[PDB]
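Undergrad: This is the structure I have questions about; it appears just below.
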Amino acid sequence: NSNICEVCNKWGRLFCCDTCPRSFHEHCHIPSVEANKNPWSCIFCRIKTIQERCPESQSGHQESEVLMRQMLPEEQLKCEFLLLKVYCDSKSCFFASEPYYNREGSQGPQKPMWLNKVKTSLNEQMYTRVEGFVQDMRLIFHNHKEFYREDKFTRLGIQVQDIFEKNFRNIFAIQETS
Ligand SMILES: [Zn+2]
Ligand SMILES: [Zn+2]
Ligand SMILES: [Zn+2]
């Protein structure tokens, strides 16, 4: 196995996947690493199995159809993995925990949102459709853009949203367009 956490790139108390070389901190994996289960397969492995069992799941889809899907187990898993893909970027630190807002010339968002809140909402099965999860995720970046206005710090929201959007298109096999 790997000697660092796949998500945060630090050593520590690591749980090792049995079907690939990745390792994880307990709460870096999503879902949190399962208590028993020998062997244990990580989320990357579980996502790969879905594709292999239904090759046609990789043909192009329309975003509007994807968002209306019910959060059955496979969609739940895909949203977990997309969330994990954002935490994999170090710039996710800025959007992880509950923000606060006191900047001259700006007002905080009406509906604050952050990664750990989305993590909890997945864990607690609070989303009934993919649209719920994607809306909260895009809301994180949109709040940041509006609040920071012309400060160059706005760019951090563009950068992390780009990671989200590329991974969304990959994981849910969105039809490629020009
Ligand atoms: Zn970690
Ligand atoms: Zn694995
Ligand atoms: Zn099939």
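In the structure tokens, chains take the letters A, B, ... in the order shown, each chain's residues start at 1, and ligands count up from 1 in the order shown.
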Within 7 Å of ligand 2 (counting only C-alpha atoms and all ligand atoms), which residues show up? I'd like them as a VMD selection string.
TA: chain A and resid 17 to 22 41 to 45
Undergrad: Under the rule of at most 8 Å, produce a per-residue listing of chain A near ligand 3: chain, number, name, the closest pair of atoms, and the distance in Å, as CSV, using only C-alpha atoms and all ligand atoms.
TA:
residue,atom,partner,partner_atom_place_in_ligand_line,distance
A:53,CA,ligand 3,1 (Zn),6.0
A:54,CA,ligand 3,1 (Zn),4.1
A:55,CA,ligand 3,1 (Zn),6.9
A:56,CA,ligand 3,1 (Zn),7.1
Undergrad: Please produce a file of those selected residues containing C-alpha atoms, as a PDB file, in the first residue's frame.
TA:
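Below is the file that was written, selection-v4.pdb:
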ATOM      1  CA  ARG A  53     -20.532  -4.332 -14.275  1.00  0.00           C
ATOM      2  CA  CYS A  54     -22.328  -1.904 -16.689  1.00  0.00           C
ATOM      3  CA  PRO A  55     -19.983  -0.685 -19.440  1.00  0.00           C
ATOM      4  CA  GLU A  56     -22.786   1.312 -21.037  1.00  0.00           C
TER       5      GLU A  56
END
Undergrad: At a cut-off of 7 Å around ligand 1, and using only C-alpha atoms and all ligand atoms, what residues come up? Please write them as a short mmCIF file (atom, residue, chain, number, x, y, z; two decimals) with N, CA, C and O atoms, in the first residue's frame.
TA:
data_model
loop_
_atom_site.label_atom_id
_atom_site.label_comp_id
_atom_site.auth_asym_id
_atom_site.auth_seq_id
_atom_site.Cartn_x
_atom_site.Cartn_y
_atom_site.Cartn_z
N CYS A 5 -1.99 9.20 3.02
CA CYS A 5 -3.44 9.36 2.72
C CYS A 5 -3.65 9.93 1.35
O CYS A 5 -3.09 10.93 0.98
N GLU A 6 -4.49 9.24 0.56
CA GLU A 6 -4.76 9.60 -0.81
C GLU A 6 -5.39 10.97 -0.96
O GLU A 6 -5.18 11.63 -1.96
N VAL A 7 -6.14 11.37 0.06
CA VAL A 7 -6.92 12.61 0.07
C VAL A 7 -6.06 13.82 0.50
O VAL A 7 -5.93 14.80 -0.26
N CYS A 8 -5.46 13.74 1.68
CA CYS A 8 -4.74 14.90 2.29
C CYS A 8 -3.19 14.79 2.15
O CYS A 8 -2.49 15.73 2.54
N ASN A 9 -2.66 13.66 1.65
CA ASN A 9 -1.22 13.47 1.36
C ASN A 9 -0.29 13.48 2.55
O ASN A 9 0.91 13.77 2.39
N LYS A 10 -0.85 13.19 3.72
CA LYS A 10 -0.11 13.12 4.98
C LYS A 10 -0.11 11.68 5.47
O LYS A 10 -1.02 10.89 5.22
N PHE A 24 -5.93 5.60 3.46
CA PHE A 24 -6.78 6.71 3.92
C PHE A 24 -6.75 6.90 5.40
O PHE A 24 -6.81 5.93 6.16
N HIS A 25 -6.79 8.18 5.85
CA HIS A 25 -7.21 8.44 7.19
C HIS A 25 -8.67 8.04 7.26
O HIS A 25 -9.40 8.07 6.22
N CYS A 28 -10.89 10.90 6.22
CA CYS A 28 -10.56 11.40 4.87
C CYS A 28 -11.37 10.58 3.80
O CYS A 28 -11.94 11.14 2.80
#
Undergrad: Could you jot down the atom CA of residue A:70 to atom CA of residue A:83 separation for me, Å, one decimal place?
TA: 17.3 Å
Undergrad: Restricting the calculation to only C-alpha atoms, which member of A:117, A:169, A:103, A:13 is positioned closest to residue A:151?
TA: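 Going through A:117, A:169, A:103, A:13 one by one, the smallest distance to residue A:151 is for A:103.
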Undergrad: For a quick check of understanding, using only C-alpha atoms, which of A:104, A:90, A:15, A:69 has the smallest distance to residue A:37?
TA: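 Result for the nearest residue to residue A:37: A:15.
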Undergrad: Write out as number ranges by chain which residues come within 12 Å of residue A:92 when counting only C-alpha atoms, dropping same-chain ones fewer than 5 positions away.
TA: A: 7-8, 83-87, 97, 114-116, 137, 140-141, 156-164
Undergrad: Include N, CA and C atoms and write out the residues we just selected as a tab-separated table (two decimals), in the first residue's frame.
TA:
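And here's part_9.tsv as it stands now:
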chain	number	residue	atom	x	y	z
A	7	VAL	N	-6.14	11.37	0.06
A	7	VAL	CA	-6.92	12.61	0.07
A	7	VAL	C	-6.06	13.82	0.50
A	8	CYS	N	-5.46	13.74	1.68
A	8	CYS	CA	-4.74	14.90	2.29
A	8	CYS	C	-3.19	14.79	2.15
A	83	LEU	N	-17.53	14.26	-3.91
A	83	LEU	CA	-17.17	15.06	-2.73
A	83	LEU	C	-15.71	14.77	-2.35
A	84	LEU	N	-15.33	13.50	-2.33
A	84	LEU	CA	-13.96	13.09	-2.03
A	84	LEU	C	-12.95	13.68	-2.98
A	85	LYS	N	-13.30	13.81	-4.26
A	85	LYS	CA	-12.44	14.38	-5.27
A	85	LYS	C	-12.18	15.83	-5.00
A	86	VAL	N	-13.15	16.58	-4.45
A	86	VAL	CA	-12.87	17.97	-4.07
A	86	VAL	C	-11.96	18.06	-2.86
A	87	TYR	N	-12.21	17.28	-1.85
A	87	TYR	CA	-11.28	17.25	-0.66
A	87	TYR	C	-9.89	16.87	-1.09
A	97	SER	N	-14.73	24.07	6.46
A	97	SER	CA	-15.42	24.34	7.72
A	97	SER	C	-16.29	25.56	7.63
A	114	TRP	N	-20.78	24.81	3.24
A	114	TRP	CA	-19.38	24.40	3.38
A	114	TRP	C	-19.24	22.89	3.18
A	115	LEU	N	-18.03	22.38	2.94
A	115	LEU	CA	-17.87	20.94	2.55
A	115	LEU	C	-18.30	20.02	3.67
A	116	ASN	N	-17.89	20.30	4.89
A	116	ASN	CA	-18.23	19.39	6.00
A	116	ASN	C	-19.72	19.33	6.23
A	137	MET	N	-23.16	22.00	-3.46
A	137	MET	CA	-21.80	22.14	-3.86
A	137	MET	C	-21.57	23.39	-4.67
A	140	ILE	N	-21.53	26.60	-2.56
A	140	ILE	CA	-20.29	26.96	-1.87
A	140	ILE	C	-19.48	27.95	-2.70
A	141	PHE	N	-19.32	27.68	-3.99
A	141	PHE	CA	-18.47	28.51	-4.82
A	141	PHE	C	-19.11	29.81	-5.18
A	156	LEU	N	-9.95	31.50	-5.71
A	156	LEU	CA	-9.90	30.20	-5.06
A	156	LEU	C	-11.25	29.47	-5.32
A	157	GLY	N	-12.35	30.20	-5.39
A	157	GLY	CA	-13.65	29.61	-5.65
A	157	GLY	C	-13.75	29.12	-7.08
A	158	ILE	N	-13.25	29.91	-8.03
A	158	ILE	CA	-13.17	29.43	-9.42
A	158	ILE	C	-12.33	28.16	-9.59
A	159	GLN	N	-11.19	28.12	-8.92
A	159	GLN	CA	-10.30	26.98	-9.06
A	159	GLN	C	-10.94	25.72	-8.49
A	160	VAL	N	-11.49	25.81	-7.27
A	160	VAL	CA	-12.04	24.59	-6.66
A	160	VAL	C	-13.36	24.20	-7.44
A	161	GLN	N	-14.14	25.15	-7.88
A	161	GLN	CA	-15.34	24.81	-8.67
A	161	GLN	C	-14.92	24.09	-9.94
A	162	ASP	N	-13.82	24.51	-10.58
A	162	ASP	CA	-13.38	23.78	-11.77
A	162	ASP	C	-13.07	22.30	-11.47
A	163	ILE	N	-12.45	22.00	-10.35
A	163	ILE	CA	-12.17	20.63	-9.93
A	163	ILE	C	-13.46	19.90	-9.74
A	164	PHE	N	-14.42	20.52	-9.04
A	164	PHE	CA	-15.77	19.91	-8.88
A	164	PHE	C	-16.40	19.55	-10.25
Undergrad: How would you write, as a list in words, the set of residues in chain A that DSSP gives as strand (DSSP E)?
TA: residues 15, 16, 23 and 24 of chain A
Undergrad: Store the residues picked out above, limited to N, CA and C atoms, as a PDB file, in the first residue's frame.
TA:
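Listed below is the output, out_36.pdb:
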ATOM      1  N   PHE A  15      -5.836   3.468   6.960  1.00  0.00           N
ATOM      2  CA  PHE A  15      -6.515   2.236   6.551  1.00  0.00           C
ATOM      3  C   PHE A  15      -6.238   1.895   5.070  1.00  0.00           C
ATOM      4  N   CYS A  16      -5.816   0.668   4.806  1.00  0.00           N
ATOM      5  CA  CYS A  16      -5.304   0.279   3.519  1.00  0.00           C
ATOM      6  C   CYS A  16      -6.396  -0.464   2.761  1.00  0.00           C
ATOM      7  N   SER A  23      -4.366   4.265   0.508  1.00  0.00           N
ATOM      8  CA  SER A  23      -4.598   4.287   1.917  1.00  0.00           C
ATOM      9  C   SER A  23      -5.291   5.578   2.302  1.00  0.00           C
ATOM     10  N   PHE A  24      -5.928   5.596   3.458  1.00  0.00           N
ATOM     11  CA  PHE A  24      -6.784   6.706   3.924  1.00  0.00           C
ATOM     12  C   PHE A  24      -6.751   6.905   5.397  1.00  0.00           C
TER      13      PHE A  24
END
